[PDB]
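Peer 1: Sequence first, structure after; it's an experimental one.
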Amino acid sequence: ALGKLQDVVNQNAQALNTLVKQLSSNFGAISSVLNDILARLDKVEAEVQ
Amino acid sequence: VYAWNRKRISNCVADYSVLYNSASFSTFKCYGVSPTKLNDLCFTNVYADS
Amino acid sequence: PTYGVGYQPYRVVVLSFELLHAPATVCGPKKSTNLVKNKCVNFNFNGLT
């Protein structure tokens, strides 16, 4: 019967658990991890990534 | 070049400045890494093709 | 030896690097330092900065 309230919890969980998974996407960069790029490339190279 | 020779490097330590400081090399194009930055890093394996 | 500078022979070497989701076996020259616990610290474990 409380499906209306649990649906409001579920939609905010689905939204945040998508926002957080998008941190792992590359978007065409060399790594999803910002510290890899800063550990591997010089300023002029790294800023483009 | 049809039958190139590969040397495996592993279980070992390096100093890439001994390479990148030399004027002897006509080209030194690094991809996915800066040559100056190599001395900060570690690798599972390295392969030297020739 | 009469060939022009582009027509001449060149020696070529290709250093290929890999860092898997598995432990390192080759490293740069940088010297290790003592471990510190419960303080906030900057770190580099095998290139995990």
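Peer 2: Right, received. Where do you want to start? Numbers count the residues shown, from 1 in each chain, chains lettered A, B, ... in the order given.

Peer 1: where does chain A come near chain C, residue by residue?
Peer 2: Along chain A, the residues adjacent to chain C under the rule Cβ under 8 Å from any Cβ of the partner chain are A:35, A:38, A:39. Every residue, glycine included, has its C-beta placed from N, CA and C.

Peer 1: Residue of chain C nearest chain A, please.
Peer 2: Closest contact between chain C and chain A, by Cβ to the nearest Cβ, is at residue C:49 (4.8 Å).

Peer 1: Got the phi and psi for the most centrally placed residue in chain A?
Peer 2: Nearest residue to the geometric centre of chain A (Cα atoms, centre = their mean): residue A:23, 1.7 Å. With angles defined as degrees, to the nearest 10, residue A:23 sits at phi -70, psi -30.

Peer 1: ok, it touching residue A:32?
Peer 2: Yes. Between residue A:23 and residue A:32 there is a contact under Cβ atoms under 8 Å: 6.9 Å.

Peer 1: before we move on, the earlier item: quick check: the residue of chain C closest to chain A vs residue A:30, distance?
Peer 2: Distance of residue C:49 to residue A:30, computed by Cβ to Cβ, to the nearest Å: 15 Å.

Peer 1: And residue B:41, by the same measure?
Peer 2: Distance of residue B:41 to residue A:30, computed by Cβ to Cβ: 13 Å.
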